[PDB]
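A structural walkthrough
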Amino acid sequence: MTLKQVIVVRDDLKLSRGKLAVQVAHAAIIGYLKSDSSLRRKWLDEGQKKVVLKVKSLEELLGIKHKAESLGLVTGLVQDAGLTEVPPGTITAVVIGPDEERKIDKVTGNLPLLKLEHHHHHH
């Protein structure tokens, strides 16, 4: 049916993104491997619906990930897994199993990200 695998990353952490991005990148793999172990081999075996997007807001993510988990979907907010005290401090990485690209589209916004950098304007 409509199966979709996507890891969303909440980038733009007013706090130093240097080391925090480093620990999360490592945790992103442990988090990814945690679900990707046998779950990806199940449906992701095709490897044609694997994509990564950004998160709109921590509150919206914690709320929809729970909604996705509600149907028995493997979802969880991935953060410094080595630690387990204050979730804040790091960015908000999340791993979502075979979601329905149909709902992830509106919820995670699969529309091309707009360039927040200086794009162009005849300048």
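Residues numbered from 1 in each chain as written, not as in the entry; some residues may be left out. Heavy atoms only, no water.

This deposited entry lists solution NMR as its structure determination method.

**Some remarks on the packing of aromatic side chains**
Rules: Aromatic rings from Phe, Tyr and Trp, taking only the six-membered ring of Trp, are treated as a pair when their centres fall within 6.5 Å; an angle between ring planes under 30 degrees marks them as stacked, one over 60 as edge-to-face, and anything in between as tilted. In this analysis the charged atom, NZ for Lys or CZ for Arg, is taken to sit over a ring once it is within 6 Å of the ring centre and within 35 degrees of the ring normal.
Under the criterion given, the structure shown has 0 aromatic pairs. Taking NZ or CZ as reference, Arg40 lies 5.3 Å from the ring centre of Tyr32, over its face.

**Things to note about the environment of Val51**
Going by this rule: Comment: elements are numbered from the N terminus, with helices defined as DSSP H or I runs of at least four residues and strands as E runs of at least two. Note on classification: 1.4 Å probe, protein chains only; a residue is buried when its accessible area is under 20% of the maximum for its type, exposed when over 50%, partly exposed between these limits.
In this structure, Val51 sits in strand 2 (residues 50–54). Relative accessible area serves as the criterion here: at 34%, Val51 is assigned to the partly exposed category. Linking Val51 and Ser38, residues 13 residues apart in sequence, is a C-alpha distance of 18 Å.

**Regarding the environment of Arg40**
Worth spelling out the cut-off: What makes two residues a contact is simply this: any of their non-hydrogen atoms within 4.5 Å.
Tracing the chain through its elements places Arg40 in helix 1 (residues 17–42). Along the backbone, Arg40 and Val9 are 31 residues apart, and their C-alpha atoms lie at a distance of 19 Å. Apart from the residues lying within four places of it in its own chain, the contact partners of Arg40 are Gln5, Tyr32, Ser35, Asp45, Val95 and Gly97.

**Points about the nonpolar core**
Threshold: What we call a nonpolar core is a set of buried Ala, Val, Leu, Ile, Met, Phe, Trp, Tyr and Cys residues that are connected through their side-chain atoms within 4.5 Å.
Counting 12 residues, the largest nonpolar core consists of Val6, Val8, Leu53, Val55, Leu61, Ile64, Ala68, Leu73, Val94, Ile96, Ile104 and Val107. Looking at this core, the elements with two or more residues in it are strand 1 (4–10), helix 2 (58–70), strand 4 (92–99) and helix 3 (101–109). By residue number, the principal contributor to this core is helix 2, which donates 3 residues. If we skip the residues at most four places from it in the chain, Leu73 touches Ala68, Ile96, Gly97, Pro98 and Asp99. In terms of nonpolar packing, the next biggest core, distinct from the first, is built from 7 residues, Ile7, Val24, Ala27 and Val95 among them.

**Quick look at empty space enclosed by the protein**
Rule in force here: Every definition here rests on a 1 Å grid over the protein atoms only: cavities are sets of points where a 1.4 Å probe fits but cannot get out, pockets are open sets enclosed by protein on both sides within 12 Å along at least five of seven lines, and lining residues have some atom within 4 Å of a point. Grid points are joined across faces, edges and corners, and a volume is the space filled by probe spheres set on the points. Basically, the charged four are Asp, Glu, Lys and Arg, the nonpolar ten are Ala, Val, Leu, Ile, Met, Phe, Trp, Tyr, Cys and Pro, and anything else, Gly included, counts as polar.
Inspection of the entire model under this criterion finds 1 cavity of 30 Å³ or more. By volume, the largest cavity is sized at about 40 Å³. Looking at the lining of the largest cavity, the elements with two or more residues in it are helix 2 and helix 3. For the lining of the largest cavity, the leading source of residues is helix 2, giving 3 residues. In terms of residue class, the lining of the largest cavity is made up of 5 nonpolar, 1 polar and 3 charged.

**Remarks on unusual backbone geometry**
Positive phi, normally seen in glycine, also occurs at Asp12, with a value near 85 degrees. Of note in the backbone geometry, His122 takes a positive phi value of approximately 70 degrees without being a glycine. Here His122 lies in the segment after helix 3.

**Digging into the pattern of salt bridges**
We count it as follows: For this analysis, a salt bridge means a side-chain nitrogen from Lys or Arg found within 4 Å of a carboxyl oxygen belonging to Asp or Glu.
Going through the model one piece at a time under the given rule, you end up with 2 salt bridges. The shortest N-O distance in the salt bridge between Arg17 and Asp11 comes to 3.0 Å. Using a relative accessible area of 44% as the deciding quantity, one classes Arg17 as partly exposed. Its salt-bridge partner being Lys65, residue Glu69 comes within 3.5 Å of it at the nearest N-O pair. Of this pair, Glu69 and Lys65 both sit in helix 2, 4 residues apart, which is roughly one turn of that helix. According to the relative accessible area criterion, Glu69 is partly exposed, its value standing at 37%.

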